[PDB]
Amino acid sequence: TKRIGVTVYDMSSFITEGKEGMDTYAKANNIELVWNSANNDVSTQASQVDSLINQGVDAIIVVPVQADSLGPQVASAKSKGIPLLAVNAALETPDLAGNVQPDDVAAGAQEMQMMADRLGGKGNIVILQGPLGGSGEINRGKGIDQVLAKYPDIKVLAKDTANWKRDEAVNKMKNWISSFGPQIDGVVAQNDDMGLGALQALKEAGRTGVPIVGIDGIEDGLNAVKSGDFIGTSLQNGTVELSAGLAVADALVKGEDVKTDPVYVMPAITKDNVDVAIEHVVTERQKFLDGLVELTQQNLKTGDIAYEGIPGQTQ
């Protein structure tokens, strides 16, 4: 019955894994999802919002390219009574109908504290950032900086974007390896994708056992934690977070009272608990999807939208 449009920045590993979850929720709830991807381009995303408005969809979910963007389109959707939600990354506009977000400051602090722990509070690092001007970089960078403020003996040799992408991270890391070589004691990657690119560059430079930390717990990232290629990651299960987003949108379409601003808090993943994340994200995905609508509805009541039974979460 209901048609809900989705426009995402790009089909990143996080979004790709999460789409299966969103689609599972949609099928169970008589929602037709209209997928669009913006190729990392603000103007393309603006065009996709506008087309969804024109089509007269029941609701619109945006996973934005840039935080300071889409004002006219958000205004337009609100003026026409079409609920528009930001999910996964943030917008600056005051006109959202909902706003379903990770605590990216906390995630950035958590990854940086994993590295400080690994390094014993001393060493030189490099930092790979998400797309500049996206809330992911802005907020993960705040959290990283909060932790760096406590470690005078940790030095950042370089920071730059690799736009969430593995192969851009390979190239950036190759430049830094050329510039700074075995001065690099660790890599702090704002997502798993970029940390995996950094791993590849290090491997090619003959360099083994350099600590790397990531964010997301995508399939390859979890495998890296399990093998010791990564020191850890922070779980951002897209199947859970994106279906939470859709469930808030569905509730708005239905005129239901709902928490419109829930927060996804990413649990720490290490060798201690990685096995359970691997079951849910990698090896028993279909089983996890079969439980997702029920999980989503339960979590919507507590507000704890990240809960999925990972060791360390609230029991």
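All residue numbers are counted from 1 along the displayed sequence.
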Where do the C-alpha atoms have the higher mean temperature factor in this entry, in 240-248 or in 71-79? 71-79
For the stretches 180-188 and 229-237, which has the higher mean C-alpha B-factor as given in the deposited record? 180-188
Select lowest, middle or highest to describe the third in which the CA B-factor of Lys203 falls within its chain in this entry. highest
Within this chain, which third does the Cα B-factor at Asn88 fall in: lowest, middle or highest? lowest
Name the third of the chain's ranked CA B-factors that contains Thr24, choosing lowest, middle or highest. middle
Among modelled residues of the same chain, the CA temperature factor third for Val8: lowest
Comparing against every modelled residue in the chain, figure out the third that the C-alpha B-factor of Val253 lands in (lowest, middle or highest). highest
